[PDB]
Amino acid sequence: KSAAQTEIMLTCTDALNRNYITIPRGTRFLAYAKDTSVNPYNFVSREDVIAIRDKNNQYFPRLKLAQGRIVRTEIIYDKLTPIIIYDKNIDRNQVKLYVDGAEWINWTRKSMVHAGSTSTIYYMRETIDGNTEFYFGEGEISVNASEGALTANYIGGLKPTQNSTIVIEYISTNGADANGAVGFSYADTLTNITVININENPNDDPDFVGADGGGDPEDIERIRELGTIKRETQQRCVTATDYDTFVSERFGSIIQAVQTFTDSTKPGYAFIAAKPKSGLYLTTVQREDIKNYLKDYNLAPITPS
Amino acid sequence: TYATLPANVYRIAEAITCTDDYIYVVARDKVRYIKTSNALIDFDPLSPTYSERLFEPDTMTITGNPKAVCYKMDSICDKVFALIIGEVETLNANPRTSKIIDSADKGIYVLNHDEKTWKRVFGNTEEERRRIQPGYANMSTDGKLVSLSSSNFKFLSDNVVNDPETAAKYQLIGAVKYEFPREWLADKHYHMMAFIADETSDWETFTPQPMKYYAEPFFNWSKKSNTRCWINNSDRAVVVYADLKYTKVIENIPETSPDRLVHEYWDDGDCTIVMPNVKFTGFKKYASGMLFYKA
Amino acid sequence: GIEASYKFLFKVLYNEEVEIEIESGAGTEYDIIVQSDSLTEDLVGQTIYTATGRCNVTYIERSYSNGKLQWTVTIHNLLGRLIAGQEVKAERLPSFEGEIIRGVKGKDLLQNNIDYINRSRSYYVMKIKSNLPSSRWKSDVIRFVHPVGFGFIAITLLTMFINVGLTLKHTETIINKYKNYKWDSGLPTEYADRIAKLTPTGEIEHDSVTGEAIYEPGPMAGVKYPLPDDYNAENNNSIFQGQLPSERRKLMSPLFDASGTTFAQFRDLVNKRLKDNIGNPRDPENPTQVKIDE
Amino acid sequence: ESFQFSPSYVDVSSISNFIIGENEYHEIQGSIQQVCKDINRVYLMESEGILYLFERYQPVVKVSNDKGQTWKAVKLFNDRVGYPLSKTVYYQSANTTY
Amino acid sequence: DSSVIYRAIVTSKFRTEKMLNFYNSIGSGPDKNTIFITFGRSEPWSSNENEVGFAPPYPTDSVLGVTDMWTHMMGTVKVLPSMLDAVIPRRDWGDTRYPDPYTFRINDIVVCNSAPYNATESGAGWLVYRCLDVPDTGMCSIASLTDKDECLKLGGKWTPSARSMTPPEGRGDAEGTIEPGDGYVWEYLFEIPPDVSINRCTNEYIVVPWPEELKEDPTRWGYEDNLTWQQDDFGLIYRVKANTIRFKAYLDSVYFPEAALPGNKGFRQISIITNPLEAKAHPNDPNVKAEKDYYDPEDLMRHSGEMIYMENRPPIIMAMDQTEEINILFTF
Amino acid sequence: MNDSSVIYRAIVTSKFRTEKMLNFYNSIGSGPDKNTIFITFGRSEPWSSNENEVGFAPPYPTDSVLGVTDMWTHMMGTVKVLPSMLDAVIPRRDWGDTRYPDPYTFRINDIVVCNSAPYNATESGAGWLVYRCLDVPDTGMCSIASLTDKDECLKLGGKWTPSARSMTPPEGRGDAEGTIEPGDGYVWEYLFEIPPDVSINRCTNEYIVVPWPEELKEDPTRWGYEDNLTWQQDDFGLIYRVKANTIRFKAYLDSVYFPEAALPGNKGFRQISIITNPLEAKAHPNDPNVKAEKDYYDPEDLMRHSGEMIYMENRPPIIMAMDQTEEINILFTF
């Protein structure tokens, strides 16, 4: 179940003139949705903002946003009982599990190998009953006595040490039924803030309604995806037409008309030919930047050109 | 300005202050109000009075200690400080450059104005006062910093307390564990600290903060060009050029005169505005967005 | 098949050990500018070598300076440190003769010779170059990893990880105070011990414990005697205080009236000695001090 | 690279938070030189006018626009200058260096 | 127990000096030790060698364990001071292959600028930063407490619960603060030239310069500019608290007279001996201390010098490729 | 890493522990390269309310600069440790003393001294001869640590308490090559000489001194060699064969060198460090700099925090009254 995102820039002032205002992550924005309901919907922010103070004292936080509540449910880790939160309104996109006293990156889909041993990456899966499991990797940082080296000993993410604290946070949402928007009513009691107005359409976009994600996906649409997994080579380019697939998928907003051709008698290169959608030759810090993001995948010998 | 002194501070000079409205000079803990522009002057034949504007008549002479040998003094916005070391050498008059000793009343001294009297907010106690040493101390100030300077950190009183737990697992009957009061102290050699305090307060009780450049307090502040200079003990001279944004400010000329490329036309309405093709090179951050025109 | 999959493989299956492999692969790139005619493109992908070093060419982009022709070639996976003034001939299309200026130093491999840098040329073979007997993984690198078109040779490296630096525990530090003797000296306050038994530091030891002779207390305690009613030659103030008191507050001073003091050196005060608790067999029995770590 | 722009941004100050900048820095380009015989007594002031150095007494000062690569000696102090008790000599505000 | 008690701990700086003492101890003249690496042990032990696990004979330090060794020694190499180097644990900023990519303890040296995902300056250099502070949020270290400062008193190690956006960008101490944005106050310390990093630095450790190579130029190391209240503070090997040293040599450098044996049958045990005497025909000769470059172990006197380290390992057969590497990283 | 397919075995032996120590002392010397050592003295502050007593103890120092900085604040004076004062030691077991628990015995490899005392004195023109160690225990009667027993179980197991006394444990200088075995079993292996002058000076109730190489190689026959054919085997030197593996240095604190501080009431509260390679005041800061070679520098003139602090300790009172010298012994295994 995917919550409803949006982006709003806000105008706030406060008694203190402090050179940089800051808005904490968790906040409370009350929002009406037309059609389906009457009673409000609770929007909570995401990440945080800084902005500045300029001319007549004003602040312009651009902060992003999402619907639903926020919950912690700390408990404690052990090597046997899996975490397994319960409420099915979780939004598996927005989560920060940190729990270690430090934040770990959500690895849910990066594949694996790109993260070596002891990497802080943690995983998650589905369950047979419909819940979510936060299970971590398997590996330890243990070091010998007479050695002294670090020596990451296993594969996957670093397994949290026993009895170590855990606290996680996810966005529990009321569902896609809140798709829409009305005037956002600021509540979000803070230290010193006065919210003047809110313009829910920054960037001066075209015809606009408060955006969202969908609800739970359908059933039959699930089956056609695994058929599109096996046939899809993920986190690699093994073919001459695979480079043209990844280069054009991401960078197609700038690059256009790519082809890659492998030349015998010069094994180990696989030149690719890319053209800008704007100019003629590829600029530096572009040609360089196209050469990256293919180093994360690549393969083998045979490195790009 | 020119000439010198109320004639009490003649020769025997100590530091400087510009402020904005008018200059400050100090000797033997004295002062002068010399106006930066449009001070009083007359040629009435007393003193050379060459139309070199004479100073304001009076003087403040902070606290009760003559020859108190105030150290370097500096200013930002409208306010000053004038750190004094101590001493006076314990004997009145005499040069202030020899045999400095430790005396009471040492402090930064403020000088919030309109009372012509200086408040002295930093050292109120031997704890804070001892932190200043006759050697190796400076008040130098980058814009909105006023770093002070120090060394000679020592655990004092509450820095050691309690330790019940060490009495456990042992018989010791008593123990003393440090509280590690946090004061940013430099690495390298001659570990240095800083009392830097800024805004948020009205200055007023400096508190320890990280020193950016390692003896930022020893630099000679400058306002025009807003750079700070100093000399490395290796005999090299170091420069800190401060900072800038990349704003070009394209084509700045008043409406008068030719050579202005950007200008606005009109034909039966229908605005047409023309620009040179702004371009620039060298910016070393990989960041992009508008060229972002603004006035 | 992609690099860093090996590093994931050897973790999972063949031993636990780390791996490092280098072919003419992906890697960091360096900038080198070379001047020649005949440098017409498609050299990208070839192997450039000089007398000193060997390398490959990623990107052929031209530079601009008057005279000759100067290209800035993007070079990667360099080994052998090509240097200015070298004649830089390409392996094939031979026809490349040129000169390098503004080179770079990629890699060492001890003595630098175009002959030695090749030895037997690896060409496109790949060096798995991780630990291991090489017969355990060799079956498993093929099948689950590696492309079918590359050479794949195995070589070994060894890492000792000597752990020295344990101990260095400083053991016990021990200091003991002295009452010592200088020609200043002055009035004692009474006396204690100072001799027992015969003349020559009487009855040397008991011979049971050997060492130094026993000491009997002798005259025990009382007033320090008035001193010769002045005791101060100049009535001076000696070291922060007058001579008549202090200036010799020491309870132990040579009188000339006993053989207790001997000569030179110092007398050690054994009543108070800071005693290392844990140590060699000898040890001072019940210890005076103890070292208890945090 | 951050900062999705919008309209409704009114004053530059408001979005001034996102602008490319130099973060400042410090260099050396030192080694100075002595004026008169006193290497300790010299002073240093850098400004728009670049690298003024002062003697304790003698009015002759040396100036370099090359950032210490080469020094040139000149007059223009034409007085005993000063012997302040710490370091600073040049102290300036709103131009008007003195 | 009632007695005077004193609580004392040797400082970590003691180690780095001890490390600096082992270096400089390599030289030609007397009072300068000379270290050799020895391999030997051609004959295989048991038949379970070449299998998995099974362990070797555990080596002993007695006189019997030394005597046989000298009988089996296949070849040796002399360690020159140039091929020895200081090393420290490297944490690449924002690398996902090592724990806590975006978070950092109070003081942890972290290299940045190498590989694209960290950019900062260009012109390479592999910049390094100590990190003097952290954002304050998240529970840390002993018991519970709450706030950073109180967790910094009473010992404690505070882990920031907020990822640190962007690498340290500047050339001088305390590059944080000075702006409403977050981040914390990294402190530049030196630089690593690109040329040395491709050779001298592996991915586990980054070299830190001996207080010698910093002379005959500082600039190459990016140390050319520094606060330096002292005329020099020249050696920074103390600043990093460098606790360890690392050795590297190519097996083409070690000398095997036979030249077909080490390849066919591996050297099963490696040991490093100090101060061997040259071959003496009879005990008619004065004692000389070993010099020049190779020493076929025939020319070494038996038990000639003392041996600090023995290793016993399965066969480790070696190919003749001009690159394979010794390591032997000391932790001093 | 853990549980790897290959498993290797590495001793690190003993000698590395000693040889590493030798390199420490092998440059203490005079010059720019030789990094001399300086000890240092303590704090004047009462350090607490409960200060003088047996229970309780100073707070545990901290290696951080926040603790490095307070010493140079609270420190007075630094005595210097010459190269000659530091010395390498051994626990000094001796046969015949009744004071120490076990009179003779001395199982397997142990160091003995005799001719040092009333009880053990023999053949004395040479003073202490005795650093010789026991090559083999005597025949049987060893009941060792476990169940098994016989002359076997030293190999699979621990050490032998021979249960039989030794007699005539004095010995000659030694047998040619290998050494003497006077009595029943208890073969003795003669280890150097130790003349009397160095004894009464640089030994103590605990431990004992061994010469460094560069002395013995320089001068046999004072420390008494040329009896040893195994000498020419591995050059002179022998700090290794003794397995010294420990170093202590000491310092004389004389209140004369610090007449200030030493007044009626100085309480010398804790803090007593060590340090390395300090520097002079420099006069005015710009100047060249010099290595500090002069004894008992005052705290001022040292360039606060010059050199690096190599050791720390806290001893809560001490005393440090005038005319009473102070002798500090500190013992490291490096």
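Residues numbered from 1 in each chain as written, not as in the entry; some residues may be left out. Chains lettered and ligands numbered in written order. Part of a larger assembly, values for the part shown. Heavy atoms only, no water. Residues with missing side-chain atoms left out of burial classes, pairs and counts.

The PDB entry annotates chain F as Baseplate wedge protein gp8 of Enterobacteria phage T4. In its PDB record the entry is named "In vitro assembled star-shaped hubless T4 baseplate". Regarding chain F, the relevant UniProt record gives this comment under Function: "Intermediate baseplate protein. Involved in the tail assembly." The UniProt entry for chain F carries this comment under Subcellular location: "Virion". (UniProt positions renumbered as here; feature names shortened; annotations may be inferred.)

Going by the PDB entry, chain E carries the name Baseplate wedge protein gp8 and comes from Enterobacteria phage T4. Its UniProt record gives chain E a comment under Sequence similarities, which states: "Belongs to the tevenvirinae baseplate structural protein gp8 family."

Hey, could you go over the overall build of chain E for me, with residue numbers and the actual values?
A tally of helices and strands in chain E yields 5 helices and 11 strands. Each of the three principal axes of chain E carries a C-alpha extent, and together these read 80 × 55 × 50 Å. For chain E, long-range pairs separated by at least 24 residues make up 71% of all intrachain contacts whose partners lie at least 6 apart in sequence. (Helix = DSSP H or I, 4+ residues; strand = E, 2+ residues; numbered from the N terminus. Contact = heavy atoms within 4.5 Å.)

Summarise the environment of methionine 320 of chain F; cite the residues concerned and give the values.
Residues and elements named next belong to chain F. Among the structural elements, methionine 320 can be located in the loop between strand 10 (274–276) and strand 11 (326–332). Taking C-alpha positions, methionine 320 is 31 Å from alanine 283, a pair spaced 37 residues apart along the chain. When residues no more than four places from it in sequence are discounted, the contact partners of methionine 320 are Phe41, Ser255 and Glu326.

Just give me the short version of the packing of aromatic side chains, but keep the residues and values in it.
When the ring of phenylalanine 218 of chain B is compared with that of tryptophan 229 of chain E, the centres are 5.2 Å apart and the planes differ by 55 degrees; the resulting orientation is tilted. Of this pair, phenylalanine 218 of chain B sits in the loop between strand 4 (177–178) and strand 5 (228–231) while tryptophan 229 of chain E sits in the loop between strand 7 (205–207) and strand 8 (244–247), each in a different chain. Summarising the aromatic geometry, the rings of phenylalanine 330 of chain E and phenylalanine 332 of chain E are spaced 5.7 Å apart at their centres and angled 50 degrees between planes, so their arrangement reads as tilted. In this structure an aromatic cluster arises from ring pairing among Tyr136, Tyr190, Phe218, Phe219 and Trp230 of chain B together with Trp229 of chain E. Over the ring of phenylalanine 219 of chain B we find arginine 228 of chain B, and its NZ or CZ is 5.3 Å from the ring centre. When the ring centre of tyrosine 6 of chain E is taken as origin, the NZ or CZ atom of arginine 315 of chain F, which lies over that ring, is 4.1 Å away. (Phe/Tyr/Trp six-rings, centres within 6.5 Å; stacked < 30°, edge-to-face > 60°. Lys NZ or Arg CZ within 6 Å of the ring centre and 35° of its normal.)

Residues and numbers for the UniProt feature "disulfide bond" in chain F, please.
At 8.0 Å between sulfur atoms, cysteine 142 of chain F and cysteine 153 of chain F fail to form the disulfide that UniProt records. Assignment of secondary structure puts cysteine 142 of chain F in the loop between strand 7 (133–136) and strand 8 (187–189). (Disulfide = S-S within 2.5 Å.)

Explain the environment of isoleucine 76 of chain B to me, and be specific about the residues and the numbers.
All names here are of chain B. Along the chain, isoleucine 76 falls in the loop between strand 2 (24–26) and helix 1 (126–130). Sequence separation of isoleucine 76 and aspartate 142 is 66 residues, and the distance between their C-alpha atoms is 8.6 Å. Not counting residues within four places of it along the chain, the set of residues in contact with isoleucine 76 comprises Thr141, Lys144 and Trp203.

Could you give me a rundown of the side chain of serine 93 of chain D, with the residues and numbers involved?
Among the structural elements, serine 93 of chain D can be located in the segment after strand 5 (72–74). Excluding residues that lie within four positions of it along the chain, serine 93 of chain D makes contacts with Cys18, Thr19, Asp20 and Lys223 of chain B.

Account for the pattern of salt bridges, naming residues and giving values.
Across the pair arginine 18 of chain A and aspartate 14 of chain A runs a salt bridge, and its minimum N-O distance is 3.1 Å. Taken together, the shared-partner salt bridges in this structure form one network comprising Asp187 of chain B together with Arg130, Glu187 and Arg239 of chain E. (Salt bridge = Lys/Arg side-chain N within 4 Å of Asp/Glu carboxyl O.)

Which residues make up the sheet that holds strand 8 of chain E, and what values go with them?
As a general point, the strands of a sheet are linked pairwise by backbone hydrogen bonds and lie either parallel or antiparallel. Strands sit in the order 7-4-8-11 (chain E) across an open sheet of 4 strands; the sheet is antiparallel. Each edge of the sheet is formed by a strand with only one pairing partner; in this case those strands are strand 7 and strand 11 (329–330) of chain E. (Pairing = 2+ DSSP bridges.)

Tell me about the pairing of strand 3 (residues 54–59) of chain C, and name the residues and values.
All names here are of chain C. Of the pairings in the sheet, the one linking strand 2 (residues 47–49) to strand 3 comprises 3 bridges and is antiparallel in character. Considered in strand 3, the bridge of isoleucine 48 is made with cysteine 55. Between the antiparallel neighbours strand 2 and strand 3 lie 4 residues. One ladder, built from 4 bridges, connects strand 3 with strand 4 (residues 70–79); its direction is antiparallel. By the bridge assignment for strand 4, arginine 54 is matched with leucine 79.

Run through the domain arrangement of chain E, naming residues and quoting values.
All names here are of chain E. Domain annotation of chain E identifies domain 1 (10–85 + 244–332) and domain 2 (86–243). Measuring from the centre of the C-alpha atoms in domain 1 to the corresponding centre in domain 2 gives 36 Å. Taken together, the 17 residues of domain 1 in the interface contact 14 residues of domain 2. When contributions to the side of domain 1 that touches domain 2 are tallied by element, the ones reaching two or more residues are helix 1 (12–22), strand 4 (84–89) and strand 8. The leading source of residues in the side of domain 1 that touches domain 2 is helix 1, at 6 residues. Here the side of domain 1 that touches domain 2 is built from residues that sort into 8 nonpolar, 3 polar and 6 charged. (Domains from an automatic or database assignment. Nonpolar A, V, L, I, M, F, W, Y, C, P; charged D, E, K, R; others polar.)

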